[PDB]
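Below sits a lone chain in structure tokens, taken as the form deposited in one PDB entry.
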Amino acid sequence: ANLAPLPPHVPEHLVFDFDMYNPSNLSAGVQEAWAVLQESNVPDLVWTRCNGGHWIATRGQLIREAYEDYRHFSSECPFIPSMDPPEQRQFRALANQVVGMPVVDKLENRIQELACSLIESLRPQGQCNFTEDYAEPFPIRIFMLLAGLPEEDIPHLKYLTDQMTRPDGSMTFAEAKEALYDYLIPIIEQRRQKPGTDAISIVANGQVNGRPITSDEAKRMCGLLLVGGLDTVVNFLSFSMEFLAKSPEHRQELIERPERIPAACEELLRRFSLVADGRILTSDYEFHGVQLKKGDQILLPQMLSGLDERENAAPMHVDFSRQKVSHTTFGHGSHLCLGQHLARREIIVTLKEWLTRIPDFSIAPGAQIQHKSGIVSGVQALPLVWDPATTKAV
């Protein structure tokens, strides 16, 4: 059944054959399907024989510990079946000049203007497919604004990024990546010569280790800033809007109590956490009584820390007034999402603008929403409807 044979250092009593790309109970919702790993008969660290064979840490304490311990759990192979500290700190520091908290605070209303334009387009229609019509266009338009790229390039960039996460067969993953680099290289070179204040100019003019960043370093940094802020945001906004379409009392709460929108964002980030990446052991290492071997891959699912009942009570319920929202949805440790501040502002702006203009909306009649699981889990489609006479062209 596609199972890799058990390595001889792994005890049989820790084997649980969870498949991160096709978990059993996916029609209950992806977070629910993954929470099978937190049932009380499942140890805190298990081995699955799926996807080549790899460990899974199932509890927040272990997932945080491993992400803290970059000496033993390296990001050189984070994907199942890429840099660690000090170089990594140099590149982060450079990325932070593009998406750090000061930039996001200066840029917050550009983000709100984009949301309002998209939302006002859709509002009189009384229907949309949220994933396609808002969740994808909003982060890609923010990228083009931040990167100083023109509107007419959106469809071709969206296309290249779609081929990495869901190829239609036109391009290999390698061709998609090279096509993207081919697009970015000449703009990086131009803006090294004639910089502006956009993101690509900031990157193209950084220094690594006492010298000008190379073309190769800059294309990879630009590429990671672009792909990092797309599938995660698209899918997270869709999980959150799926929940709000199904829960009118939570819509009402935020309409009545808009000051709670930033806390609601944090709680949605906990409940609809969606990333599950990995590390590779750099050496043999005993971790909580379990012998790990050099070279073993371990999935450390950021999704699971906040769903762990040990971290949050009644973790499947959405409660915007939780006193302490514990999660690792943007990661933990040295690779903690550089985009965490930009993403929170995109979530808060989308909650404020959507519930202002379209306060009452539902899942389309008859639609059954379907999820997909993987390194970034997500929503296949989100058909929504509403009565235009209940909307506000504010």
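One-based numbering along the sequence shown. So that the term is clear: the rigid core is the largest set of C-alpha atoms that superpose within 1.5 Å between two forms.
Another form, the form deposited in another entry, is not on view; read the next lines as being about it.
Annotation: the position in 317, 166, 246, 310 displaced by at least 2 Å at CA between the shown form and the other one, with the core superposed, corresponds to 166.
Core-superposed comparison between the shown form and the other one: the C-alpha position of residue 190 differs by no less than 2 Å. When two forms of a protein are overlaid on their rigid core, residues whose CA moves 2 Å or more are considered shifted, and residue 94 is not one of them between the shown form and the other one. The two forms, fitted on the rigid core, differ between the shown form and the other one by 2 Å or more at the CA of residue 181.
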